Enquirer: 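One structure, pasted below without further comment.
Below, read A as the first sequence line, B as the second, and so on, with proteins coming before strands; counting in each chain starts at 1.
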Amino acid sequence: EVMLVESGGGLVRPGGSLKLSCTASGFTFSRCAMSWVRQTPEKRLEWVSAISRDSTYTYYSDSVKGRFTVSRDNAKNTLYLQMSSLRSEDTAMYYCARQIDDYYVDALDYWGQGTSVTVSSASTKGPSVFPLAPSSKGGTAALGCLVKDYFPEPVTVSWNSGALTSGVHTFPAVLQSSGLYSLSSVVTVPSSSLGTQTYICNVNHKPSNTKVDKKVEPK
Amino acid sequence: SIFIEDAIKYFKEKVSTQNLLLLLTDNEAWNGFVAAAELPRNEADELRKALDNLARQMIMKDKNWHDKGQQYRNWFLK
Amino acid sequence: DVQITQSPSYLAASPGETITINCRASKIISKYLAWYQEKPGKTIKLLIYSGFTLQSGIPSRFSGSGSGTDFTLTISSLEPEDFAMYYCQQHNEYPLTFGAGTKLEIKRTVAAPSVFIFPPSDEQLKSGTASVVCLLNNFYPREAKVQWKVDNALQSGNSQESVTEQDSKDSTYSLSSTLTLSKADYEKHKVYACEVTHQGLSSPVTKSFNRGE
């Protein structure tokens, strides 16, 4: 089966540089033209670059021309994208993709899972976790945790060390004007369980190697 | 159609009937040609189609040249 | 560049039904339009290329038609796995360009949200900031209006919203709205409320609290 695996993504500062790599498997890499495509946080797909099977021709989008350089090593079954003078708008999930071989420009029949690139001035920072206390007002109550001011993405949230999964909603993070992310994780539980059952949200932030536990109880 | 008309003239004089055939015949050579010209695929399709007729039209001249030349001879034998 | 207008942006349907997605190119591109499917945790998949040719292994539920600059993807006899994100793309020329996409969601009965309001914690207030959270739980459809009010004054520009994807089990949505104030500004006022407007509600529902109570 055809397999494409991107790497080399990660955190970079504005004006900084990154070199992405894409190792190809399950087919003869040297026979096929390749493309680079990215998906922005707004979930917009944007083609960025392409290279012929033998590197005779290279292609670039206007937004990227003069800053990115695509290359390949057929012996090592690897596609590259050297990115320079990176902008905040270059923040995206970057995919490599194999082109169909009917025409020099063609559709993309196989895609990699992608590698994430974040362009920001912010430094890596673990989250601050605050409780969303259940309201004082035989039904169901809502409670949760506020995971504030962390960078970069993702944070993983669990409840009662994974024992509580039903009714849980962990929202997508929002980027604050501070350049730091913030999200909430909530769960609906029976009102009767309040005071009896302890509720703890477990917040993990791998980038900072940080782990936070926060007990949530009625104020 | 503008691009096609322009192309027809170019392949009539500068490109020889022999050269035109090698391009049109080989898929590998056609791909290299349309890539160098940076043609959109739809224009490439239009160009090959238009060139197929031009080639056929030039081969009609050569097939008629071979036939007329034989009748040209056969007449002198009588 | 070839500009591609994909429509509609959103589609609600049920399994067994048929839907169509449209794409119009800003110039004639012959047949060279491709269709892609995107699902979470999976690589993007090519469904159809050159307008009408199915990729190997793609189910017969999918088919492609078109005329001139316009192209149409058909998905008939919808299966649960077909509910996903769809993108069109011309591959007639560089640069490759994409449609803005179509989200195909599961249709279901209207469900009103359960609304909850959360005051900021004392721990956060000690840091000099106040976050007020309003939760809209398990509603459908997605369209909803959240209005923050502080002492009856309508808030503006100081809130951010976030919405989950359709729930795998009941196909509903959930939404969080976070109001951010300084410790000083927060303590200037008493009543904090968030007003929710949704199709499932006869009239807007307001959840509120008094600071310090």
Side-chain angles (χ1 to χ4, degrees), chain A residues 3-4 35 37 39 42-50 59-63 95 97 99-100 102-114 128-137 140-144 146 148-149 167 169-176 182-184 186 188 214 219, chain C residues 1 32-36 38 41-46 48-50 53 55-56 85 87 89-101 103 114-124 127 129 131 133 135 137-138 160-165 167 169 173-176 178 180 207 209 213:
Chain A
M3 196 58 45
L4 300 170
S35 272
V37 177
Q39 183 168 186
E42 296 79 32
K43 282 187 47 52
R44 171 177 80 266
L45 284 175
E46 187 184 352
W47 174 88
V48 177
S49 189
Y59 310 88
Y60 302 98
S61 60
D62 291 316
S63 55
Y95 315 95
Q99 302 191 356
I100 294 173
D102 298 336
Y103 198 67
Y104 74 86
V105 55
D106 220 323
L108 312 173
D109 57 4
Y110 284 99
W111 300 57
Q113 200 67 256
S128 293
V129 187
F130 305 112
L132 298 169
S135 181
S136 299
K137 291 186 272 186
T140 71
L143 58 92
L146 175 63
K148 227 192 117 64
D149 297 338
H169 291 297
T170 302
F171 293 93
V174 297
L175 183 59
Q176 304 166 110
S182 184
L183 69 76
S184 288
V186 301
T188 45
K214 182 62 63 179
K219 293 179 179 179
Chain C
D1 301 20
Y32 304 116
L33 191 288
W35 290 99
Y36 298 93
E38 186 189 34
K42 301 271 172 283
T43 60
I44 292 161
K45 299 299 193 305
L46 174 66
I48 290 169
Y49 67 95
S50 291
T53 306
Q55 178 73 350
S56 184
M85 202 74 192
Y87 296 94
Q89 176 221 64
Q90 67 82 22
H91 55 99
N92 187 60
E93 56 196 273
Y94 286 125
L96 299 177
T97 48
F98 298 84
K103 184 180 264 175
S114 321
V115 186
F116 307 89
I117 188 167
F118 299 101
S121 59
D122 293 323
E123 187 191 349
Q124 190 191 14
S127 73
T129 309
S131 298
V133 179
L135 166 65
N137 209 49
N138 302 341
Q160 298 184 277
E161 280 189 3
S162 179
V163 194
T164 56
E165 290 303 287
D167 182 81
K169 289 175 186 176
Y173 301 94
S174 289
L175 183 152
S176 76
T178 308
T180 308
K207 293 294 174 162
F209 67 86
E213 167 174 13

Enquirer: Tell me, out of A/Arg44, A/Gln99, A/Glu42, who's got the most heavy-atom pairs with chain C below 4.5 Å.
Expert: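 Maximum pair count with chain C is reached by A/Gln99.
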Enquirer: Has C/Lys207 got more than 12 heavy atoms of other residues, nucleotides or ligands less than 6.0 Å from its NZ?
Expert: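 Check fails, neighbour count at 12 or below.
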Enquirer: Between A/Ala142 and chain C, with a heavy-atom cut-off of 4.5 Å, which part of the residue counts as in contact: side chain, backbone, both or neither?
Expert: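 Both parts, backbone and side chain.
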Enquirer: What part of A/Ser135 gets within 4.5 angstrom of chain C, counting heavy atoms only: side chain, backbone, both, or neither?
Expert: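 No part of A/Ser135 comes within 4.5 Å of chain C.
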Enquirer: Under a 4.5 Å heavy-atom cutoff, which of A/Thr170, A/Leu132, A/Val48 has the most pairs with chain C?
Expert: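 The answer is A/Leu132.
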Enquirer: Compare all side-chain heavy atoms of C/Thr180 with those of C/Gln160 and state whether any distance is below 4.5 angstrom.
Expert: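 Contact flag for C/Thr180/C/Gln160 side chains = no.
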Enquirer: Does any backbone or side-chain atom of A/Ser128 lie under 4.5 Å from a heavy atom of chain C? Answer side chain, backbone, both or neither.
Expert: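 Neither the backbone nor the side chain of A/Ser128 comes within 4.5 Å of chain C.
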Enquirer: Fit a plane to each ring of C/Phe118 and C/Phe116, take the angle between them on a 0 to 90° scale, and name the class: parallel (under 30°), tilted (30 to 60°) or perpendicular (over 60°).
Expert: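 Parallel, since the angle between the ring planes stays under 30°.
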Enquirer: Working note: A/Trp47 + A/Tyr59, criterion ring-ring contact (aromatic ring centres under 6.0 Å, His included); need CA distance, chi angles, decisive distance, verdict.
Expert: CA-CA 10 Å; A/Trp47 174 88; A/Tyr59 310 88; 7.3 Å; no
Enquirer: Is it the side chain or the backbone of A/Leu4 that comes within 4.5 Å of chain C heavy atoms, both, or neither?
Expert: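 Neither part; nothing is under 4.5 Å.
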Enquirer: So what's closer than 4.5 Å to chain C heavy atoms on A/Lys43: side chain, backbone, both or neither?
Expert: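 Contact with chain C involves both backbone and side-chain atoms of A/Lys43.
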Enquirer: Checking A/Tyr95 against chain C: side chain, backbone, both or neither under 4.5 Å from a heavy atom?
Expert: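 Contact with chain C: side chain only.
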Enquirer: Give, as side chain, backbone, both or neither, the part of C/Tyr94 having an atom under 4.5 angstrom from any heavy atom of chain A.
Expert: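 Contact with chain A: backbone and side chain both.
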